[PDB]
Every structure is written in structure tokens, then in C-alpha cells.
Number of protein chains: 2
Amino acid sequence: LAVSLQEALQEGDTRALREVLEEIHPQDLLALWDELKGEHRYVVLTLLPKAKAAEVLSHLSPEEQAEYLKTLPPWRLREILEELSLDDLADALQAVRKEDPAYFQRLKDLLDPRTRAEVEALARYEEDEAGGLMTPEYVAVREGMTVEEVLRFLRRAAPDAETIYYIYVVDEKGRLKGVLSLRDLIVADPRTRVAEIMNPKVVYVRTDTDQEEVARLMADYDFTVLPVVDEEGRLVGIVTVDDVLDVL
Amino acid sequence: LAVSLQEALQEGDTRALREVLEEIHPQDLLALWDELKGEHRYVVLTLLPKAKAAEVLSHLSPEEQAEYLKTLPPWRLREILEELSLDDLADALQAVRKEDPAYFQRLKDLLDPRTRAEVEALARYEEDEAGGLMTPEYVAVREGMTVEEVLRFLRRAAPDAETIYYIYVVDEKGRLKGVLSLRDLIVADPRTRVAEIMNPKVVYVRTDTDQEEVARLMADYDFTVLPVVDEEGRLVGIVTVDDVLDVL
């Protein structure tokens with residue numbers, strides 16, 4: 001089935017082409033690839049059995065991965081996607097994002113709500129910006145908990161806390177409500193609600209916000225640390241000045 | 001007694017000179033001064049009655065004040081000084097210091113131990129220094145007091161504390177023993193002695209240390225505040241980065 005198909009091709013023959021693709025291994029394909037013609041790589045995946053073609057795409061370079069998500073038929077775009085592993089579904093879309101995100105949105109929709117939703121929750125950590133700096137090790141508390149319940153929970157995790165110098169407030173849902181400076185906790189009565197103390201006014205930034213921002217932002221303000229939220233307003237990280245003194 | 005003396009002078013006459021100086025008011029003198037000759041201002045104070053001559057020097061510009069403490073006889077140096085008001089005694093010596101401190105020490109000795117000691121507990125005039133920046137409003141605690149006794153004393157004075165961000169430790173005598181970061185107090189058991197928590201290793205600086213130092217020091221270290229001690233190792237102030245961002 002090697003050069004056994006290169007015939008079904010040089011001929012415009014719609015038969016001996018479908019025959020070898022049926023009994024053609026993904027791998028057997030992932031090989032001669034780099035030698036083939038633009039045109040060739042475009043009919044294979046199109047005629048290939050919807051579970052295989054996928055097996056293939058999910059293993060090519062990226063620049064390619066999104067470019068083929070742009071010429072491949074709408075119907076062939078649906079099928080390929082549904083057969084990817086969620087993870088290889090993760091790196092996929094992200095590879096398309098980096099370039100054209102405008103298409104990022106019309107592609108999430110062509111998806112299945114069950115799938116599109118799922119994907120929306122993995123979908124976002126690129127090698128550059130907020131995500132590629134933050135360290136999930138910060139400290140958070142609920143805004144109801146008394147200064148008492150808190151201080152008690154602080155000795156416990158003072159030892160796994162990057163710094164208890166800037167404590168974040170969050171609600172049931174996991175979204176940021178403000179910041180609490182250590183300077184406050186000590187003076188406030190142990191009976192007051194974290195609400196009555198925290199400044200709801202804290203400066204965050206999107207996981208996808210550019211690393212040129214958080215440096216500017218963080219420098220203008222003379223901050224040492226700085227909270228990162230996602231798209232629903234939820235705390236998921238902390239960017240520091242040193243990881244930003246590195247991004248130069 | 002005006003030009004009524006300018007005769008006792010142009011003559012080398014040791015008599016009609018002592019006669020008008022006896023009934024000559026300090027003021028009457030502090031005037032025509034700026035017109036007189038170096039030489040003249042030198043015999044007046046020398047023959048003048050030891051309580052008056054003083055009354056005079058303690059009111060002249062500074063550059064002068066120390067220069068005359070350098071040509072005036074050893075015996076005339078003793079008498080003048082003892083009649084100064086301690087305060088006018090304060091700015092006096094300080095004016096001599098700025099230039100020649102080497103003489104600062106042989107002058108404190110020509111003093112009376114009772115007086116020399118008293119005077120030693122005085123100054124603060126520095127080159128914009130240490131002293132000309134610090135704000136006696138910082139926060140201190142004894143190293144014995146339990147985290148309990150402390151926290152309790154913190155809500156009380158949180159309201160008169162420039163920052164309870166860097167708490168200084170001090171002993172009976174009033175000398176600095178180390179620094180305590182807020183970060184610590186919260187975690188530590190309320191029963192521990194401040195000793196078992198504070199870093200005795202805190203970077204201070206002399207009240208007389210150059211404002212070019214505390215900027216360098218404070219910049220290399222990334223400190224926001226910085227404790228000032230005197231010569232016995234006692235806390236008396238806090239220099240901040242903003243008062244040092246000012247000294248340019």
C-alpha cells in the first residue's frame with residue numbers, strides 16, 4: 001500500500017485511491033509526508049475514514065494544523081474534530097489561536113455544545129503571556145470567614161504560601177472579589193467579616209493578556225505580585241515581578 | 001559708647017578699650033560688626049566679660065562661629081562655652097562639626113564632664129542626614145513581650161504607626177536588637193517570645209551616615225524603610241525611600 005496508491009492519484013481515479021486508504025495505517029502515512037505535494041495531503045484526509053484522518057492531523061506541525069482547518073470542507077471539519085483526544089484537541093485549537101483567534105470563535109461553535117463547553121475549560125494556556133509566568137501557589141480565602149477563621153488557616157498554610165503578603169478574596173464560584181493587605185488583618189477585630197476589610201478594588205489581568213502589559217501595569221503601580229483571572233472573573237494564578245523582569 | 005571705643009582701638013590703648021566694653025550692650029555690638037576689621041572682632045570678645053562675649057558669638061553666622069573657635073585662646077575658649085545656652089550650645093558645636101570634626105572631639109574634652117556629657121546627648125545635624133529624613137513615627141516593641149501582648153498593642157497604635165510592616169525590636173536601654181516582619185507575627189504561636197521570631201540581623205545606619213549611603217544601601221537591598229540608630233546602638237528614627245528619592 002506504499003507506492004500502491006501513488007497510482008490511484010496520478011490518474012484522477014476516485015477508486016484505487018479509496019481502496020488503499022481503507023487499509024492504510026496512520027503511520028504508513030505520517031512518513032513519506034514531507035515529500036508529497038500540497039495537493040496530495042488534501043485529498044487523503046478528505047477521503048480517509050473520519051477516525052484516521054484525525055489520528056493524522058493531531059500529529060503534524062502546528063502552522064500546518066490550523067492552515068488545514070482553514071481550507072478543509074465544513075463537513076470534513078466537523079468529523080475530524082470529534083475524533084481527537086481532548087488533549088490533542090487542546091493543543092490543536094491553541095495552535096490555530098496564536099495566529100487567528102477570530103476563527104477561534106467560529107470553530108468552537110461548529111463544535112458540539114457538550115464538546116465546545118468541555119474545550120472552553122481547557123482552552124487557553126499558551127507559552128506566552130500571563131499563563132506562562134503565574135504559579136498556582138498563592139493564597140485565597142472566602143469573604144465570609146472571620147479574621148479568626150482566617151488567621152487560624154494562615155498558620156496552617158503559611159508553609160505553602162508564596163507570600164501571605166497579598167491575600168485574595170474569592171466567592172463560592174471561585175471568582176476574585178478583591179485583595180486584603182496583611183497590614184489590615186492584624187489590626188481588625190477577629191469578629192469582623194473579611195468583607196468589611198478587603199478592598200474590593202484589586203488590579204488583575206486576563207490569562208491571555210500580553211506579558212508586555214503586566215510588566216507595564218506592575219511597574220507603573222509598584223506592585224511585587226499581581227493576580228491572574230480567566231474569562232469568568234476567577235482566580236487561577238499570580239504573576240510576579242521577577243518572572244516579568246525575565247520576559248525582559 | 002559708639003565710635004567712643006574706636007579710639008581705644010586705633011591707638012593700641014589697653015584702657016579706654018576695656019571701659020566701653022564694660023558698659024557696651026551685646027546688640028550695640030552685633031551691628032557695626034559687618035563693617036569692622038577681622039582684627040577688631042578678635043579683641044572684643046577676648047577682653048569682653050565672659051558672659052557677654054558668649055551672648056555675641058552664639059548669634060553670628062556659622063562659618064564664622066567655628067573659625068573663631070580655632071584662633072581664640074584655649075582659656076578664652078573655655079569661658080565662652082560655659083555661658084552659652086545649651087541649645088545655642090547645640091547649634092554652635094554642630095557648625096564646627098560640618099567642617100572639621102577632628103576638632104569636634106578635642107573641643108568636647110576641653111569641656112566640663114557634666115557639660116560635655118549633656119552635650120553628647122544632643123545633635124542631629126547631618127549632611128541632609130539620616131537625621132534630616134527620619135520621622136520619629138515608626139513602631140517598636142520589647143523582645144520579651146508575647147505575640148499576644150504585641151498584637152494587642154498593635155490595634156491600639158496601628159493608627160499612629162507609619163507602617164506596622166517592619167517592627168523593630170529594642171531592649172530596656174532603647175537599643176535596636178533586630179527587625180520583625182509582619183509576615184511572621186501572624187503565623188507564630190501567641191505564646192512565643194519575640195526573641196524566637198525576630199531576625200536579630202537588621203541593617204541600620206548612623207544618624208550621621210551620609211544620605212548617599214542610605215540611598216545606595218536601601219537601593220541595593222530593595223528596602224522601603226530603614227532604621228536609624230545613634231552612637232550607642234539605639235533606635236531613634238526611620239529613613240524612607242521617598243525622602244531619599246528626594247535627596248536625588
# chains A, B, ... in the order shown; residues from 1 in each chain; ligands from 1
$ interface_residues --of "chain A" --to "chain B" --cutoff "10 Å" --atoms "only C-alpha atoms" --output "list in words"
residues 151, 152, 153, 154, 155, 156, 157, 158, 159, 163, 164, 165, 182, 183, 184, 185, 186, 187, 188 and 189 of chain A
$ write_last_selection --atoms "N, CA and C atoms" --output "tab-separated table (two decimals), in the first residue's frame"
chain	number	residue	atom	x	y	z
A	151	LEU	N	-6.94	33.77	60.33
A	151	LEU	CA	-5.65	33.68	60.99
A	151	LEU	C	-5.36	32.19	61.28
A	152	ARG	N	-6.36	31.46	61.74
A	152	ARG	CA	-6.18	30.05	62.06
A	152	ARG	C	-5.76	29.21	60.85
A	153	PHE	N	-6.29	29.57	59.69
A	153	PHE	CA	-5.99	28.88	58.44
A	153	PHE	C	-4.68	29.40	57.85
A	154	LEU	N	-4.10	30.43	58.48
A	154	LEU	CA	-2.85	31.02	57.99
A	154	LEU	C	-1.58	30.41	58.55
A	155	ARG	N	-1.66	29.88	59.75
A	155	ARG	CA	-0.52	29.26	60.38
A	155	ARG	C	-0.35	27.90	59.72
A	156	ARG	N	-1.48	27.32	59.39
A	156	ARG	CA	-1.57	26.03	58.73
A	156	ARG	C	-0.87	26.05	57.35
A	157	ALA	N	-1.21	27.02	56.50
A	157	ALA	CA	-0.63	27.12	55.16
A	157	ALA	C	0.38	28.26	54.94
A	158	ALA	N	0.89	28.84	56.02
A	158	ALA	CA	1.89	29.89	55.91
A	158	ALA	C	3.04	29.26	55.17
A	159	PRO	N	3.29	27.93	55.44
A	159	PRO	CA	4.31	27.00	54.91
A	159	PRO	C	4.21	26.52	53.42
A	163	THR	N	3.50	33.86	49.60
A	163	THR	CA	3.51	35.05	50.38
A	163	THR	C	2.11	35.26	50.86
A	164	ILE	N	2.01	35.57	52.14
A	164	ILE	CA	0.73	35.83	52.76
A	164	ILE	C	0.71	37.33	52.86
A	165	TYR	N	1.49	37.97	51.98
A	165	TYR	CA	1.60	39.43	51.94
A	165	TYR	C	0.47	40.09	51.16
A	182	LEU	N	-1.92	42.32	54.40
A	182	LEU	CA	-1.62	41.76	55.71
A	182	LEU	C	-1.68	42.83	56.79
A	183	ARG	N	-1.21	44.02	56.44
A	183	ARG	CA	-1.23	45.18	57.34
A	183	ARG	C	-2.62	45.30	58.03
A	184	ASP	N	-3.70	44.95	57.32
A	184	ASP	CA	-5.08	45.05	57.84
A	184	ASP	C	-5.47	43.98	58.85
A	185	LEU	N	-5.37	42.74	58.42
A	185	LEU	CA	-5.72	41.64	59.26
A	185	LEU	C	-5.30	41.80	60.70
A	186	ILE	N	-4.05	42.19	60.93
A	186	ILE	CA	-3.60	42.29	62.31
A	186	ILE	C	-4.36	43.29	63.17
A	187	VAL	N	-4.70	44.45	62.62
A	187	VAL	CA	-5.42	45.42	63.42
A	187	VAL	C	-6.91	45.11	63.62
A	188	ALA	N	-7.59	44.65	62.57
A	188	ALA	CA	-9.03	44.34	62.61
A	188	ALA	C	-9.50	43.32	63.68
A	189	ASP	N	-10.65	43.58	64.30
A	189	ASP	CA	-11.16	42.65	65.31
A	189	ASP	C	-11.39	41.29	64.66
$ select_by_dssp --residues "region 55-194 of chain B" --states "alpha helix (DSSP H)" --output "PyMOL selection string"
chain B and resi 55-57+62-71+74-82+86-97+102-109+113-120+147-157+182-187
$ residues_around --residues "residue 167 (chain B)" --least-positions-apart "2" --cutoff "12 Å" --atoms "only C-alpha atoms" --output "JSON, numbers by chain"
{"A": [183], "B": [137, 138, 139, 140, 141, 142, 143, 150, 151, 154, 158, 161, 162, 163, 164, 165, 169, 170, 176, 177, 178, 179, 180, 181, 182, 183, 184, 185, 194, 197, 198, 199, 200, 202, 225, 226, 227, 235, 238]}
$ write_last_selection --atoms "C-alpha atoms" --output "PDB file, in the first residue's frame"
ATOM      1  CA  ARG A 183      -1.234  45.175  57.342  1.00  0.00           C
TER       2      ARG A 183
ATOM      3  CA  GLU B 137       6.980  57.762  63.842  1.00  0.00           C
ATOM      4  CA  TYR B 138       7.791  54.058  63.452  1.00  0.00           C
ATOM      5  CA  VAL B 139       6.853  51.180  65.726  1.00  0.00           C
ATOM      6  CA  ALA B 140       8.849  49.427  68.420  1.00  0.00           C
ATOM      7  CA  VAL B 141       8.308  46.582  70.867  1.00  0.00           C
ATOM      8  CA  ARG B 142      10.256  44.859  73.663  1.00  0.00           C
ATOM      9  CA  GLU B 143      11.772  41.431  72.758  1.00  0.00           C
ATOM     10  CA  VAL B 150       2.091  42.662  70.940  1.00  0.00           C
ATOM     11  CA  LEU B 151      -0.859  42.033  68.693  1.00  0.00           C
ATOM     12  CA  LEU B 154      -0.895  46.809  67.576  1.00  0.00           C
ATOM     13  CA  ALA B 158      -1.969  50.751  64.213  1.00  0.00           C
ATOM     14  CA  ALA B 161       2.087  53.687  63.013  1.00  0.00           C
ATOM     15  CA  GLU B 162       3.685  54.805  59.709  1.00  0.00           C
ATOM     16  CA  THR B 163       3.697  51.157  58.938  1.00  0.00           C
ATOM     17  CA  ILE B 164       3.425  48.065  61.053  1.00  0.00           C
ATOM     18  CA  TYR B 165       5.155  46.470  58.055  1.00  0.00           C
ATOM     19  CA  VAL B 169      12.908  45.208  68.487  1.00  0.00           C
ATOM     20  CA  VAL B 170      14.548  47.159  71.234  1.00  0.00           C
ATOM     21  CA  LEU B 176      17.929  48.031  68.478  1.00  0.00           C
ATOM     22  CA  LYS B 177      18.074  44.240  68.557  1.00  0.00           C
ATOM     23  CA  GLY B 178      16.666  43.262  65.172  1.00  0.00           C
ATOM     24  CA  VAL B 179      13.614  43.513  62.874  1.00  0.00           C
ATOM     25  CA  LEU B 180      10.350  41.573  62.760  1.00  0.00           C
ATOM     26  CA  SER B 181       8.441  41.111  59.534  1.00  0.00           C
ATOM     27  CA  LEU B 182       4.594  41.255  59.763  1.00  0.00           C
ATOM     28  CA  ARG B 183       4.592  38.054  57.721  1.00  0.00           C
ATOM     29  CA  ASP B 184       5.913  36.274  60.904  1.00  0.00           C
ATOM     30  CA  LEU B 185       3.750  37.538  63.697  1.00  0.00           C
ATOM     31  CA  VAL B 194       9.547  37.890  70.267  1.00  0.00           C
ATOM     32  CA  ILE B 197      10.988  35.008  65.859  1.00  0.00           C
ATOM     33  CA  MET B 198      12.791  38.233  65.030  1.00  0.00           C
ATOM     34  CA  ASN B 199      15.863  38.310  62.880  1.00  0.00           C
ATOM     35  CA  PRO B 200      18.427  39.939  65.014  1.00  0.00           C
ATOM     36  CA  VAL B 202      18.688  44.030  60.618  1.00  0.00           C
ATOM     37  CA  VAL B 225      12.001  51.777  55.062  1.00  0.00           C
ATOM     38  CA  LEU B 226      15.294  51.594  57.042  1.00  0.00           C
ATOM     39  CA  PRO B 227      16.069  52.095  60.819  1.00  0.00           C
ATOM     40  CA  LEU B 235      16.664  53.353  67.712  1.00  0.00           C
ATOM     41  CA  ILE B 238      13.362  55.587  60.257  1.00  0.00           C
TER      42      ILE B 238
END
$ atom_distance --atom1 "CA of residue 246 (chain A)" --atom2 "CA of residue 215 (chain B)"
25.1 Å
$ residues_around --residues "region 45-51 of chain B" --least-positions-apart "2" --cutoff "12 Å" --atoms "only C-alpha atoms" --output "number ranges by chain"
B: 14-26, 29-30, 39-43, 53-58, 68-69, 71-85
$ write_last_selection --atoms "N, CA and C atoms" --output "short mmCIF file (atom, residue, chain, number, x, y, z; two decimals), in the first residue's frame"
data_model
loop_
_atom_site.label_atom_id
_atom_site.label_comp_id
_atom_site.auth_asym_id
_atom_site.auth_seq_id
_atom_site.Cartn_x
_atom_site.Cartn_y
_atom_site.Cartn_z
N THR B 14 45.28 99.87 75.90
CA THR B 14 44.67 98.77 76.70
C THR B 14 43.65 99.24 77.80
N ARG B 15 43.37 100.56 77.88
CA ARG B 15 42.45 101.14 78.89
C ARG B 15 41.03 101.60 78.46
N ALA B 16 40.94 102.63 77.63
CA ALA B 16 39.65 103.17 77.16
C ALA B 16 38.92 102.16 76.27
N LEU B 17 39.55 101.01 76.11
CA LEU B 17 39.01 99.93 75.33
C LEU B 17 38.19 99.03 76.25
N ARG B 18 38.74 98.74 77.43
CA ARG B 18 38.07 97.90 78.44
C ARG B 18 36.90 98.63 79.14
N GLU B 19 36.94 99.96 79.10
CA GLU B 19 35.95 100.84 79.72
C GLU B 19 34.59 100.88 79.02
N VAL B 20 34.59 100.91 77.69
CA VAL B 20 33.35 100.96 76.89
C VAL B 20 32.77 99.54 76.67
N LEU B 21 33.63 98.52 76.79
CA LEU B 21 33.24 97.12 76.62
C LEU B 21 32.53 96.66 77.88
N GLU B 22 32.85 97.33 78.98
CA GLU B 22 32.22 97.03 80.24
C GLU B 22 30.75 97.46 80.20
N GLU B 23 30.49 98.66 79.65
CA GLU B 23 29.13 99.21 79.52
C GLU B 23 28.65 99.21 78.07
N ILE B 24 29.10 98.21 77.32
CA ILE B 24 28.72 98.05 75.92
C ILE B 24 27.75 96.85 75.81
N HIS B 25 26.55 97.11 75.28
CA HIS B 25 25.49 96.10 75.10
C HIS B 25 25.84 95.12 73.97
N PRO B 26 25.48 93.84 74.15
CA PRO B 26 25.78 92.85 73.12
C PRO B 26 25.34 93.39 71.77
N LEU B 29 26.82 95.95 69.70
CA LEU B 29 27.94 95.36 69.02
C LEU B 29 27.55 94.58 67.77
N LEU B 30 26.57 93.70 67.92
CA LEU B 30 26.12 92.87 66.82
C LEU B 30 25.79 93.65 65.58
N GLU B 39 40.71 91.79 62.50
CA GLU B 39 41.43 92.06 63.74
C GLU B 39 40.59 92.57 64.92
N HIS B 40 39.70 93.52 64.65
CA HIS B 40 38.87 94.13 65.70
C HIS B 40 37.98 93.11 66.42
N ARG B 41 37.17 92.41 65.64
CA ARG B 41 36.27 91.40 66.18
C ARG B 41 37.00 90.37 67.07
N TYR B 42 38.33 90.36 67.00
CA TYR B 42 39.17 89.41 67.73
C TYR B 42 39.60 89.80 69.14
N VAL B 43 39.58 91.10 69.43
CA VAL B 43 39.99 91.60 70.74
C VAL B 43 38.79 91.90 71.61
N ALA B 53 30.63 88.18 75.70
CA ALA B 53 31.29 87.65 74.51
C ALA B 53 30.52 86.46 73.98
N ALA B 54 29.99 85.67 74.90
CA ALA B 54 29.21 84.48 74.56
C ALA B 54 27.96 84.93 73.84
N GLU B 55 27.20 85.75 74.56
CA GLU B 55 25.96 86.32 74.07
C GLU B 55 26.14 86.75 72.62
N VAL B 56 27.37 87.12 72.27
CA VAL B 56 27.67 87.57 70.93
C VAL B 56 27.92 86.47 69.95
N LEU B 57 28.87 85.60 70.25
CA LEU B 57 29.19 84.55 69.31
C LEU B 57 28.02 83.66 68.96
N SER B 58 27.24 83.27 69.97
CA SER B 58 26.10 82.41 69.70
C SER B 58 25.06 82.98 68.71
N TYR B 68 36.27 81.07 64.66
CA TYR B 68 36.70 81.81 65.87
C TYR B 68 36.97 80.84 67.01
N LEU B 69 36.51 79.60 66.88
CA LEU B 69 36.73 78.60 67.92
C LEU B 69 38.10 77.96 67.67
N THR B 71 40.98 80.19 66.48
CA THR B 71 42.08 81.15 66.71
C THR B 71 42.05 81.66 68.15
N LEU B 72 40.86 81.70 68.76
CA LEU B 72 40.65 82.16 70.15
C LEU B 72 41.37 81.31 71.16
N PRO B 73 42.11 81.96 72.06
CA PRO B 73 42.91 81.32 73.11
C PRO B 73 42.20 80.19 73.82
N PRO B 74 42.97 79.16 74.26
CA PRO B 74 42.41 78.00 74.96
C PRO B 74 41.59 78.39 76.19
N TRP B 75 42.09 79.38 76.93
CA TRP B 75 41.40 79.87 78.13
C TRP B 75 40.15 80.70 77.77
N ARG B 76 40.19 81.34 76.61
CA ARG B 76 39.05 82.12 76.21
C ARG B 76 38.06 81.20 75.54
N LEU B 77 38.50 80.00 75.20
CA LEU B 77 37.60 79.02 74.59
C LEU B 77 36.75 78.38 75.68
N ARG B 78 37.36 78.14 76.84
CA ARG B 78 36.67 77.55 78.00
C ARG B 78 35.50 78.42 78.46
N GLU B 79 35.82 79.64 78.90
CA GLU B 79 34.83 80.61 79.40
C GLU B 79 33.62 80.90 78.47
N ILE B 80 33.88 81.18 77.21
CA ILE B 80 32.83 81.47 76.25
C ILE B 80 31.79 80.37 76.28
N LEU B 81 32.24 79.14 76.06
CA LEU B 81 31.37 77.98 76.03
C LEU B 81 30.43 77.78 77.22
N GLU B 82 30.97 77.85 78.44
CA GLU B 82 30.16 77.65 79.66
C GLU B 82 28.98 78.61 79.84
N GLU B 83 29.00 79.74 79.14
CA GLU B 83 27.93 80.74 79.24
C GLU B 83 26.87 80.65 78.14
N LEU B 84 27.02 79.70 77.23
CA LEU B 84 26.07 79.52 76.15
C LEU B 84 24.85 78.83 76.68
N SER B 85 23.74 79.01 75.98
CA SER B 85 22.53 78.32 76.36
C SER B 85 22.84 76.96 75.74
#
$ residues_around --residues "residue 234 (chain B)" --least-positions-apart "2" --cutoff "10 Å" --atoms "only C-alpha atoms" --output "JSON, numbers by chain"
{"B": [170, 171, 173, 174, 175, 176, 177, 206, 227, 228, 229, 230, 231, 232, 236, 237]}
$ atom_distance --atom1 "CA of residue 240 (chain B)" --atom2 "CA of residue 203 (chain B)"
13.4 Å
$ residues_around --residues "residue 120 (chain A)" --least-positions-apart "3" --cutoff "12 Å" --atoms "only C-alpha atoms" --output "PyMOL selection string"
chain A and resi 86+89-90+93-94+104-105+107-109+111-117+123-125+230-232
$ select_by_dssp --residues "region 79-220 of chain A" --states "strand (DSSP E)" --output "list in words"
residues 140, 141, 142, 166, 167, 168, 169, 170, 176, 177, 178, 179, 180 and 181 of chain A
$ residues_around --residues "residue 96 (chain B)" --least-positions-apart "6" --cutoff "9 Å" --atoms "only C-alpha atoms" --output "mmCIF file with N, CA and C atoms, in the first residue's frame"
data_model
loop_
_atom_site.group_PDB
_atom_site.id
_atom_site.type_symbol
_atom_site.label_atom_id
_atom_site.label_comp_id
_atom_site.auth_asym_id
_atom_site.auth_seq_id
_atom_site.Cartn_x
_atom_site.Cartn_y
_atom_site.Cartn_z
ATOM 1 N N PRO B 62 27.459 80.802 60.882
ATOM 2 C CA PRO B 62 28.212 79.617 61.330
ATOM 3 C C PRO B 62 29.674 79.568 60.903
ATOM 4 N N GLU B 63 29.935 79.610 59.595
ATOM 5 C CA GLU B 63 31.306 79.559 59.064
ATOM 6 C C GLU B 63 32.211 80.344 59.976
ATOM 7 N N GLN B 65 31.344 81.266 63.425
ATOM 8 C CA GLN B 65 31.320 80.566 64.714
ATOM 9 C C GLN B 65 32.414 79.536 64.993
ATOM 10 N N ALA B 66 32.788 78.717 64.005
ATOM 11 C CA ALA B 66 33.827 77.683 64.206
ATOM 12 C C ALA B 66 35.222 78.203 63.928
ATOM 13 N N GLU B 67 35.314 79.137 62.992
ATOM 14 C CA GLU B 67 36.594 79.698 62.669
ATOM 15 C C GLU B 67 37.143 80.446 63.866
ATOM 16 N N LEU B 69 36.511 79.596 66.876
ATOM 17 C CA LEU B 69 36.733 78.596 67.918
ATOM 18 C C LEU B 69 38.105 77.956 67.674
ATOM 19 N N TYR B 103 38.284 68.208 65.337
ATOM 20 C CA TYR B 103 38.391 69.195 66.376
ATOM 21 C C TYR B 103 37.132 69.067 67.217
ATOM 22 N N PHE B 104 36.129 68.392 66.662
ATOM 23 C CA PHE B 104 34.858 68.179 67.347
ATOM 24 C C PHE B 104 35.167 67.477 68.655
#
$ decode --residues "region 119-139 of chain B" --atoms "N, CA, C and O atoms" --output "PDB file, in the first residue's frame"
ATOM      1  N   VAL B 119      25.991  67.615  76.477  1.00  0.00           N
ATOM      2  CA  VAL B 119      26.107  67.986  75.063  1.00  0.00           C
ATOM      3  C   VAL B 119      26.163  66.790  74.134  1.00  0.00           C
ATOM      4  O   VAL B 119      25.669  66.858  73.008  1.00  0.00           O
ATOM      5  N   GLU B 120      26.779  65.707  74.602  1.00  0.00           N
ATOM      6  CA  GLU B 120      26.904  64.497  73.807  1.00  0.00           C
ATOM      7  C   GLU B 120      25.571  63.872  73.450  1.00  0.00           C
ATOM      8  O   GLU B 120      25.473  63.134  72.466  1.00  0.00           O
ATOM      9  N   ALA B 121      24.550  64.152  74.255  1.00  0.00           N
ATOM     10  CA  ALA B 121      23.212  63.603  74.010  1.00  0.00           C
ATOM     11  C   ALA B 121      22.364  64.506  73.138  1.00  0.00           C
ATOM     12  O   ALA B 121      21.141  64.333  73.054  1.00  0.00           O
ATOM     13  N   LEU B 122      23.033  65.405  72.416  1.00  0.00           N
ATOM     14  CA  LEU B 122      22.317  66.378  71.616  1.00  0.00           C
ATOM     15  C   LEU B 122      22.058  66.265  70.139  1.00  0.00           C
ATOM     16  O   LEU B 122      20.953  65.919  69.717  1.00  0.00           O
ATOM     17  N   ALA B 123      23.064  66.590  69.347  1.00  0.00           N
ATOM     18  CA  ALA B 123      22.819  66.600  67.968  1.00  0.00           C
ATOM     19  C   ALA B 123      22.089  65.669  67.076  1.00  0.00           C
ATOM     20  O   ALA B 123      21.583  64.605  67.412  1.00  0.00           O
ATOM     21  N   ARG B 124      21.958  66.224  65.885  1.00  0.00           N
ATOM     22  CA  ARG B 124      21.268  65.583  64.783  1.00  0.00           C
ATOM     23  C   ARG B 124      21.511  66.319  63.495  1.00  0.00           C
ATOM     24  O   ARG B 124      20.791  66.092  62.523  1.00  0.00           O
ATOM     25  N   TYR B 125      22.508  67.185  63.446  1.00  0.00           N
ATOM     26  CA  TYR B 125      22.682  67.854  62.195  1.00  0.00           C
ATOM     27  C   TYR B 125      23.490  67.179  61.163  1.00  0.00           C
ATOM     28  O   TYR B 125      24.695  67.299  61.148  1.00  0.00           O
ATOM     29  N   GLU B 126      22.858  66.510  60.239  1.00  0.00           N
ATOM     30  CA  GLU B 126      23.717  65.922  59.274  1.00  0.00           C
ATOM     31  C   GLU B 126      23.562  66.454  57.872  1.00  0.00           C
ATOM     32  O   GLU B 126      22.666  67.260  57.605  1.00  0.00           O
ATOM     33  N   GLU B 127      24.509  66.072  57.015  1.00  0.00           N
ATOM     34  CA  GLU B 127      24.615  66.489  55.599  1.00  0.00           C
ATOM     35  C   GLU B 127      23.332  66.363  54.745  1.00  0.00           C
ATOM     36  O   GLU B 127      23.412  66.347  53.530  1.00  0.00           O
ATOM     37  N   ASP B 128      22.187  66.229  55.417  1.00  0.00           N
ATOM     38  CA  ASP B 128      20.805  66.096  54.897  1.00  0.00           C
ATOM     39  C   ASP B 128      20.437  64.844  55.553  1.00  0.00           C
ATOM     40  O   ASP B 128      19.453  64.172  55.344  1.00  0.00           O
ATOM     41  N   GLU B 129      21.302  64.571  56.509  1.00  0.00           N
ATOM     42  CA  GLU B 129      21.285  63.274  57.084  1.00  0.00           C
ATOM     43  C   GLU B 129      20.574  62.637  58.085  1.00  0.00           C
ATOM     44  O   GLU B 129      20.270  63.178  59.143  1.00  0.00           O
ATOM     45  N   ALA B 130      20.632  61.349  57.753  1.00  0.00           N
ATOM     46  CA  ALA B 130      19.946  60.355  58.465  1.00  0.00           C
ATOM     47  C   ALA B 130      18.909  61.202  59.154  1.00  0.00           C
ATOM     48  O   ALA B 130      17.742  61.157  58.795  1.00  0.00           O
ATOM     49  N   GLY B 131      19.364  62.003  60.120  1.00  0.00           N
ATOM     50  CA  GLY B 131      18.500  62.917  60.859  1.00  0.00           C
ATOM     51  C   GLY B 131      17.544  63.809  60.066  1.00  0.00           C
ATOM     52  O   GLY B 131      16.388  63.997  60.483  1.00  0.00           O
ATOM     53  N   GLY B 132      18.007  64.353  58.935  1.00  0.00           N
ATOM     54  CA  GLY B 132      17.177  65.222  58.114  1.00  0.00           C
ATOM     55  C   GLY B 132      16.252  64.496  57.156  1.00  0.00           C
ATOM     56  O   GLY B 132      15.945  65.002  56.081  1.00  0.00           O
ATOM     57  N   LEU B 133      15.805  63.309  57.555  1.00  0.00           N
ATOM     58  CA  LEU B 133      14.905  62.494  56.747  1.00  0.00           C
ATOM     59  C   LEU B 133      13.946  61.707  57.640  1.00  0.00           C
ATOM     60  O   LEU B 133      12.723  61.717  57.445  1.00  0.00           O
ATOM     61  N   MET B 134      14.527  61.023  58.621  1.00  0.00           N
ATOM     62  CA  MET B 134      13.778  60.193  59.542  1.00  0.00           C
ATOM     63  C   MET B 134      12.608  60.896  60.180  1.00  0.00           C
ATOM     64  O   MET B 134      12.645  62.097  60.412  1.00  0.00           O
ATOM     65  N   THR B 135      11.565  60.121  60.440  1.00  0.00           N
ATOM     66  CA  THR B 135      10.342  60.588  61.081  1.00  0.00           C
ATOM     67  C   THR B 135      10.154  59.721  62.318  1.00  0.00           C
ATOM     68  O   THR B 135       9.802  58.554  62.214  1.00  0.00           O
ATOM     69  N   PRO B 136      10.351  60.287  63.504  1.00  0.00           N
ATOM     70  CA  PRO B 136      10.209  59.543  64.760  1.00  0.00           C
ATOM     71  C   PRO B 136       8.950  58.672  64.888  1.00  0.00           C
ATOM     72  O   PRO B 136       8.683  58.085  65.947  1.00  0.00           O
ATOM     73  N   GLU B 137       8.177  58.579  63.813  1.00  0.00           N
ATOM     74  CA  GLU B 137       6.980  57.762  63.842  1.00  0.00           C
ATOM     75  C   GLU B 137       7.198  56.458  63.091  1.00  0.00           C
ATOM     76  O   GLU B 137       7.097  56.392  61.866  1.00  0.00           O
ATOM     77  N   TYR B 138       7.522  55.434  63.879  1.00  0.00           N
ATOM     78  CA  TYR B 138       7.791  54.058  63.452  1.00  0.00           C
ATOM     79  C   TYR B 138       7.111  53.225  64.530  1.00  0.00           C
ATOM     80  O   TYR B 138       6.268  53.734  65.257  1.00  0.00           O
ATOM     81  N   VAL B 139       7.469  51.959  64.664  1.00  0.00           N
ATOM     82  CA  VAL B 139       6.853  51.180  65.726  1.00  0.00           C
ATOM     83  C   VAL B 139       7.853  50.268  66.385  1.00  0.00           C
ATOM     84  O   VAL B 139       8.567  49.554  65.696  1.00  0.00           O
TER      85      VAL B 139
END
